[PDB]
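Source file: structure_38.txt; contents: compact mmCIF, C-alpha atoms.
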```txt
# COMPACT_ATOMS: atom_id res chain seq x y z
CA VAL W 1 205.35 68.22 133.18
CA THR W 2 208.90 66.85 133.59
CA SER W 3 211.13 67.46 130.58
CA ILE W 4 214.37 65.75 129.64
CA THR W 5 216.63 67.30 127.03
CA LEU W 6 218.93 65.55 124.63
CA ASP W 7 221.53 67.99 123.26
CA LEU W 8 222.41 66.98 119.70
CA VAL W 9 225.17 69.55 119.13
CA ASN W 10 228.25 67.27 119.22
CA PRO W 11 226.93 64.74 121.74
CA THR W 12 228.95 62.01 123.41
CA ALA W 13 228.00 58.35 123.95
CA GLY W 14 228.12 58.93 127.73
CA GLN W 15 225.65 61.82 127.42
CA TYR W 16 223.24 59.70 125.34
CA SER W 17 223.44 56.82 127.92
CA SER W 18 222.78 59.25 130.76
CA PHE W 19 219.76 60.60 128.81
CA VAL W 20 218.38 57.06 128.41
CA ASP W 21 218.86 56.44 132.14
CA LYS W 22 216.97 59.62 133.00
CA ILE W 23 213.97 58.26 131.08
CA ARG W 24 214.18 54.93 132.92
CA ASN W 25 214.72 56.67 136.26
CA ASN W 26 211.69 58.92 135.73
CA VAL W 27 209.10 56.13 135.08
CA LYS W 28 210.35 53.23 137.14
CA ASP W 29 209.11 52.22 140.56
CA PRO W 30 212.27 51.14 142.42
CA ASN W 31 210.15 48.98 144.79
CA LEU W 32 209.00 46.52 142.14
CA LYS W 33 210.92 43.51 140.91
CA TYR W 34 209.68 40.62 138.82
CA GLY W 35 210.88 37.05 138.29
CA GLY W 36 213.69 37.46 140.83
CA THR W 37 215.56 39.87 138.52
CA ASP W 38 216.76 43.43 139.09
CA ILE W 39 215.40 44.84 135.80
CA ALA W 40 213.65 48.20 136.33
CA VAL W 41 209.83 48.08 136.16
CA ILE W 42 207.59 51.00 135.09
CA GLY W 43 205.44 52.16 138.02
CA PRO W 44 201.65 52.32 138.24
CA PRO W 45 199.62 55.05 136.51
CA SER W 46 199.42 58.42 138.26
CA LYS W 47 198.20 61.94 137.64
CA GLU W 48 201.58 62.88 136.10
CA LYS W 49 200.60 61.21 132.85
CA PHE W 50 203.15 62.59 130.39
CA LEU W 51 206.91 63.05 129.95
CA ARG W 52 208.37 65.70 127.63
CA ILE W 53 211.52 64.97 125.63
CA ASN W 54 213.31 67.88 123.97
CA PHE W 55 215.73 67.33 121.07
CA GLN W 56 217.98 70.38 120.82
CA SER W 57 220.10 71.20 117.77
CA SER W 58 221.89 74.48 116.96
CA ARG W 59 218.84 75.44 114.80
CA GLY W 60 216.05 74.95 117.35
CA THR W 61 214.22 72.36 119.45
CA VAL W 62 211.66 69.70 118.48
CA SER W 63 209.84 68.00 121.39
CA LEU W 64 208.19 64.62 121.79
CA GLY W 65 205.58 63.57 124.38
CA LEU W 66 205.55 60.02 125.83
CA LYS W 67 203.10 58.46 128.22
CA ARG W 68 204.69 57.72 131.63
CA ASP W 69 202.62 54.58 132.30
CA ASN W 70 203.81 52.68 129.21
CA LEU W 71 206.19 54.90 127.17
CA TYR W 72 203.82 55.09 124.19
CA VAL W 73 204.20 58.12 121.91
CA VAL W 74 201.52 60.81 122.29
CA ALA W 75 202.46 63.91 120.26
CA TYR W 76 205.28 66.10 118.93
CA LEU W 77 205.89 69.86 118.86
CA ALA W 78 207.78 71.68 116.11
CA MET W 79 207.89 75.19 114.67
CA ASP W 80 206.75 75.45 111.05
CA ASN W 81 208.37 77.61 108.34
CA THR W 82 206.81 80.82 109.71
CA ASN W 83 208.18 80.09 113.18
CA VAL W 84 204.82 79.19 114.67
CA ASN W 85 204.82 76.44 117.33
CA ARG W 86 202.50 73.59 116.25
CA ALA W 87 201.60 70.48 118.24
CA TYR W 88 200.58 67.25 116.49
CA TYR W 89 198.88 64.50 118.45
CA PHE W 90 197.50 61.01 118.49
CA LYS W 91 193.90 61.23 119.72
CA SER W 92 193.90 57.80 121.35
CA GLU W 93 196.79 58.85 123.62
CA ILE W 94 195.99 62.43 124.61
CA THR W 95 193.23 65.05 124.37
CA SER W 96 193.51 68.65 123.12
CA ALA W 97 192.96 69.79 126.73
CA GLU W 98 195.86 67.80 128.22
CA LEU W 99 198.05 68.73 125.24
CA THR W 100 197.98 72.37 126.39
CA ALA W 101 199.67 71.27 129.66
CA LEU W 102 202.25 69.13 127.84
CA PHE W 103 203.11 71.79 125.22
CA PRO W 104 201.99 75.16 126.68
CA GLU W 105 203.75 76.87 123.78
CA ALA W 106 201.09 75.73 121.29
CA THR W 107 197.63 77.35 121.43
CA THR W 108 194.45 75.39 120.72
CA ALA W 109 194.09 76.39 117.09
CA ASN W 110 197.79 75.45 116.55
CA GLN W 111 197.13 71.85 117.65
CA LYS W 112 196.47 69.27 114.90
CA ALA W 113 195.10 65.75 115.43
CA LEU W 114 197.16 63.32 113.33
CA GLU W 115 195.25 61.50 110.60
CA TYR W 116 196.97 58.13 111.19
CA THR W 117 197.36 55.87 114.26
CA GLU W 118 200.41 55.41 116.47
CA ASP W 119 201.03 51.70 115.71
CA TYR W 120 204.25 51.20 113.76
CA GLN W 121 202.46 49.76 110.70
CA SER W 122 200.39 52.93 110.22
CA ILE W 123 203.29 55.34 110.78
CA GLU W 124 205.39 53.23 108.39
CA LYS W 125 202.70 53.40 105.71
CA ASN W 126 202.80 57.21 106.11
CA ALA W 127 206.62 57.25 105.89
CA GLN W 128 206.45 55.78 102.33
CA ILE W 129 209.41 53.40 102.60
CA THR W 130 210.01 51.85 99.18
CA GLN W 131 213.02 49.65 99.90
CA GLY W 132 213.22 46.13 101.24
CA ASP W 133 210.44 45.02 103.57
CA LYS W 134 208.93 48.55 103.61
CA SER W 135 209.19 48.81 107.43
CA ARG W 136 211.20 51.06 109.78
CA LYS W 137 213.90 48.48 109.72
CA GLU W 138 215.06 49.77 106.33
CA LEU W 139 215.64 53.34 107.65
CA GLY W 140 218.39 52.34 110.11
CA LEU W 141 219.05 53.91 113.53
CA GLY W 142 221.74 56.22 114.97
CA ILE W 143 222.32 59.70 116.36
CA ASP W 144 223.19 61.25 112.99
CA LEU W 145 219.98 59.83 111.50
CA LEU W 146 217.88 61.30 114.39
CA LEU W 147 219.52 64.69 113.79
CA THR W 148 218.85 64.68 110.03
CA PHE W 149 215.20 63.64 110.43
CA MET W 150 214.70 66.14 113.28
CA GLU W 151 216.08 68.90 111.06
CA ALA W 152 213.66 67.99 108.28
CA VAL W 153 210.75 68.98 110.60
CA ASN W 154 212.38 71.82 112.56
CA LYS W 155 211.09 75.17 111.21
CA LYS W 156 209.84 73.58 108.00
CA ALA W 157 206.45 73.17 106.41
CA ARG W 158 204.79 69.93 107.52
CA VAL W 159 205.35 67.04 105.09
CA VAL W 160 203.76 63.75 106.15
CA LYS W 161 206.67 61.60 104.90
CA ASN W 162 209.27 63.65 106.84
CA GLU W 163 207.07 63.72 109.94
CA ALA W 164 206.42 59.98 109.90
CA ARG W 165 210.11 59.25 109.33
CA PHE W 166 211.02 61.53 112.22
CA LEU W 167 208.53 59.76 114.51
CA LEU W 168 209.81 56.28 113.60
CA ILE W 169 213.37 57.25 114.55
CA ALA W 170 212.52 59.41 117.55
CA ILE W 171 210.33 56.75 119.18
CA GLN W 172 212.99 54.02 118.73
CA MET W 173 215.76 56.31 120.00
CA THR W 174 213.90 57.16 123.23
CA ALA W 175 211.26 54.63 124.31
CA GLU W 176 212.63 51.47 122.62
CA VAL W 177 216.22 52.09 123.75
CA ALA W 178 214.87 52.68 127.30
CA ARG W 179 213.12 49.28 127.16
CA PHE W 180 215.86 47.31 125.41
CA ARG W 181 219.56 47.51 126.19
CA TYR W 182 220.38 45.52 123.05
CA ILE W 183 219.21 48.53 121.00
CA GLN W 184 220.89 51.05 123.28
CA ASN W 185 224.21 49.15 122.91
CA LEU W 186 223.88 49.20 119.13
CA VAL W 187 223.57 53.02 119.16
CA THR W 188 226.57 53.26 121.55
CA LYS W 189 228.85 50.85 119.64
CA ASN W 190 228.27 52.84 116.42
CA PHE W 191 228.22 56.30 118.01
CA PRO W 192 227.30 58.76 116.48
CA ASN W 193 226.82 57.23 113.05
CA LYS W 194 223.77 55.97 111.21
CA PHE W 195 223.83 52.12 111.13
CA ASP W 196 221.63 49.30 109.86
CA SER W 197 218.84 47.97 112.06
CA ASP W 198 218.32 44.14 112.08
CA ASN W 199 215.50 41.67 112.72
CA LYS W 200 216.52 41.34 116.37
CA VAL W 201 215.69 45.02 116.95
CA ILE W 202 212.23 44.55 115.39
CA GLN W 203 211.67 41.29 117.32
CA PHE W 204 212.43 42.92 120.67
CA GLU W 205 210.11 45.86 119.83
CA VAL W 206 207.08 43.68 119.10
CA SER W 207 207.68 41.42 122.11
CA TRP W 208 207.87 43.87 125.02
CA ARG W 209 204.62 42.60 126.47
CA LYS W 210 205.33 38.87 125.95
CA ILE W 211 208.77 39.35 127.51
CA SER W 212 207.43 41.24 130.51
CA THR W 213 204.63 38.79 131.26
CA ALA W 214 206.93 35.76 130.89
CA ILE W 215 209.43 37.23 133.42
CA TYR W 216 206.63 38.16 135.77
CA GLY W 217 204.80 34.82 135.64
CA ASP W 218 207.08 32.12 134.22
CA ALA W 219 210.52 32.95 135.63
CA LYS W 220 212.15 32.13 138.98
CA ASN W 221 215.46 33.65 140.06
CA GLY W 222 216.07 34.97 136.52
CA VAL W 223 215.46 31.68 134.71
CA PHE W 224 212.40 30.87 132.63
CA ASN W 225 210.54 27.65 133.52
CA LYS W 226 210.79 26.62 129.83
CA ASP W 227 212.42 27.86 126.61
CA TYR W 228 211.09 31.06 125.05
CA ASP W 229 211.72 32.18 121.46
CA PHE W 230 211.11 35.77 120.30
CA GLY W 231 212.67 35.05 116.93
CA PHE W 232 216.41 35.30 117.67
CA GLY W 233 216.95 31.86 119.26
CA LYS W 234 215.75 29.86 122.22
CA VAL W 235 216.28 31.60 125.55
CA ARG W 236 216.17 30.27 129.12
CA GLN W 237 218.21 32.91 131.03
CA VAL W 238 216.39 36.27 131.40
CA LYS W 239 219.78 38.03 131.22
CA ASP W 240 220.19 37.06 127.53
CA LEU W 241 217.33 39.52 126.77
CA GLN W 242 219.36 42.51 128.07
CA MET W 243 216.18 44.23 129.27
CA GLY W 244 216.18 47.89 130.36
CA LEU W 245 212.56 48.28 131.51
CA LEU W 246 209.59 46.00 131.97
CA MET W 247 205.92 46.84 131.60
CA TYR W 248 203.98 47.47 134.81
CA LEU W 249 201.96 44.36 135.69
CA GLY W 250 201.05 45.19 139.30
CA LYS W 251 202.52 43.67 142.46
CA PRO W 252 204.99 40.84 142.06
CA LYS W 253 203.79 37.27 142.45
```

Please, can you express the file's structure as structure tokens?
Amino acid sequence: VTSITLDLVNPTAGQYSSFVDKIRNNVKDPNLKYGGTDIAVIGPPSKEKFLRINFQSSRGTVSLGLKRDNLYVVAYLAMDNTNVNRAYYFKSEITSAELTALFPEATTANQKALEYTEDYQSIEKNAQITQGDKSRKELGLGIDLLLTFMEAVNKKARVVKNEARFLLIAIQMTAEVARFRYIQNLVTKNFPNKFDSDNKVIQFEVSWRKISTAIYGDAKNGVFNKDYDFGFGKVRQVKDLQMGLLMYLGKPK
């Protein structure tokens, strides 16, 4: 499995941007281009199904698995308070068998199928967010927040609220920032601090598929045949979406 490490011991904005580009560069097919734009497109499915992301602090490493065909989250690996490596996985994304190739460190009996699903709503319910709209939006984003949430699972007893909070941040700070340069630029502008998320972040995240199919089938030379609205205003130029990666939709036109 390919692994990409983010070092969180005094990171720089340039190192985080290079890390995001390594994700994009691993999954994209450089031969595909949709709607006459140059946005990177994820390639077709292959036998190399998973990508391993390592978050390294000075206290240890916590790893996250993502699918290479769509960047969905699949599992995470962390040591518990007795220093045993444990892997936690979403059954609809990966099997116990394939999980031993993704995280060879965890044996079969140290694998645990998660009890909730990987959609944001279900992780958010398990994160027990009591403020505002009760979604991930209220937790914010930022390198320092990823580090604090990572440390709450690293060599600690499993606690569903900490785990779910970690997942919400880790997924957004890897797969969503790879897809959406608006979100990447927010992290970069506020580096390394924790900062508020906004509705535009949430709107991009739920519209990846509508954005990708509109560029593929309803755009010519980077301009949409009609106005689109994903909740943050009417858009006609594809470059206002600041896209980092589109979903794979096959061969262009």

Considering only C-alpha atoms, give me a table of residues in region 93-178 of chain W that are at most 10 Å from region 45-69 of chain W, with the closest atom pair and distance in Å for each, as a Markdown table.
```
| residue | atom | partner | partner_atom | distance |
| --- | --- | --- | --- | --- |
| W:93 | CA | W:67 | CA | 7.8 |
| W:94 | CA | W:67 | CA | 8.9 |
| W:98 | CA | W:50 | CA | 9.2 |
| W:99 | CA | W:65 | CA | 9.2 |
| W:101 | CA | W:50 | CA | 9.4 |
| W:102 | CA | W:52 | CA | 7.0 |
| W:103 | CA | W:52 | CA | 8.4 |
| W:146 | CA | W:55 | CA | 9.3 |
| W:147 | CA | W:57 | CA | 7.7 |
| W:150 | CA | W:62 | CA | 7.0 |
| W:151 | CA | W:59 | CA | 8.0 |
| W:153 | CA | W:62 | CA | 8.0 |
| W:154 | CA | W:62 | CA | 6.3 |
| W:155 | CA | W:60 | CA | 7.9 |
| W:167 | CA | W:64 | CA | 8.8 |
| W:170 | CA | W:64 | CA | 8.0 |
| W:171 | CA | W:64 | CA | 8.6 |
| W:174 | CA | W:53 | CA | 8.5 |
| W:175 | CA | W:66 | CA | 8.0 |
```

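You can rank W:87, W:214, W:169, W:75 by their closest distance to residue 235 (chain W) using all atoms listed in the file, and at the top of that list sits W:214.
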
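Residues in contact with residue 14 (chain W) at 12 Å, where only C-alpha atoms are counted and same-chain residues fewer than 3 positions away are skipped, are listed as residues 6, 10, 11, 17, 18, 19, 20, 21, 184, 185, 187, 188, 189, 191 and 192 of chain W.
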
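The spacing separating CA of residue 178 (chain W) from CA of residue 3 (chain W) amounts to 15.6 Å.
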
| query | Can you tell me how far CA of residue 209 (chain W) sits from CA of residue 70 (chain W), in Å to one decimal? | reply | 10.5 Å

| Contact residues around region 238-244 of chain W with all atoms listed in the file at 7 Å, ignoring same-chain residues under 6 positions, as an NGL selection string | :W and (39-40 or 178-182 or 222-224)

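All residues of protein, DNA or RNA that reach within 9 Å of residue 251 (chain W), judged by only C-alpha atoms and not counting those fewer than 3 positions away in the chain, are residues 32, 33, 34 and 248 of chain W.
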
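For the pair CA of residue 197 (chain W) and CA of residue 140 (chain W), the separation is 4.8 Å.
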
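Nearest to residue 121 (chain W) of all the residues W:83, W:139, W:168, W:232 is W:168, counting all atoms listed in the file.
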
Considering all atoms listed in the file, tabulate each residue of region 88-138 of chain W that lies at most 12 Å from region 201-205 of chain W along with its nearest interatomic pair and the corresponding distance in Å to one decimal; arrange the rows by chain and ascending residue number and present them as JSON lines.
```
{"residue": "W:119", "atom": "CA", "partner": "W:205", "partner_atom": "CA", "distance": 11.6}
{"residue": "W:120", "atom": "CA", "partner": "W:205", "partner_atom": "CA", "distance": 10.0}
{"residue": "W:133", "atom": "CA", "partner": "W:202", "partner_atom": "CA", "distance": 12.0}
{"residue": "W:135", "atom": "CA", "partner": "W:202", "partner_atom": "CA", "distance": 9.5}
{"residue": "W:136", "atom": "CA", "partner": "W:202", "partner_atom": "CA", "distance": 8.7}
{"residue": "W:137", "atom": "CA", "partner": "W:202", "partner_atom": "CA", "distance": 7.1}
{"residue": "W:138", "atom": "CA", "partner": "W:202", "partner_atom": "CA", "distance": 10.8}
```

| request: Select all residues near (193.0, 75.4, 119.8) (cut-off 12 Å, inclusive, file coordinates), counting only C-alpha atoms, and output them as a PyMOL selection string. | output: chain W and resi 86-88+95-100+104-113

| said: Here's a test: counting all atoms listed in the file, identify every protein, DNA and RNA residue with an atom at most 8 Å from (225.4, 57.0, 108.6) in the file's coordinate frame, and state them as number ranges by chain. | reply: W: 142, 144-145, 193-195

Okay, now the selection with C-alpha atoms, as a PDB file, in the frame of the given file?
```pdb
ATOM      1  CA  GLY W 142     221.740  56.220 114.970  1.00  0.00           C
ATOM      2  CA  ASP W 144     223.190  61.250 112.990  1.00  0.00           C
ATOM      3  CA  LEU W 145     219.980  59.830 111.500  1.00  0.00           C
ATOM      4  CA  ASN W 193     226.820  57.230 113.050  1.00  0.00           C
ATOM      5  CA  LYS W 194     223.770  55.970 111.210  1.00  0.00           C
ATOM      6  CA  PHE W 195     223.830  52.120 111.130  1.00  0.00           C
TER       7      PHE W 195
END
```

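Among the candidates W:35, W:85, W:22, W:12, the residue lying nearest to residue 218 (chain W) is W:35 (atoms considered: only C-alpha atoms).
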
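Compared by their closest atoms to residue 158 (chain W), and using all atoms listed in the file, the residues W:199, W:128, W:81, W:117 rank with W:81 nearest.
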
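Candidate residues W:210, W:156, W:226, W:165 were compared for distance to residue 82 (chain W), and the nearest is W:156, using only C-alpha atoms.
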
| request: Point out the residue among W:252, W:208, W:9, W:247 with the least atom-to-atom distance to residue 27 (chain W), counting only C-alpha atoms. | output: W:247
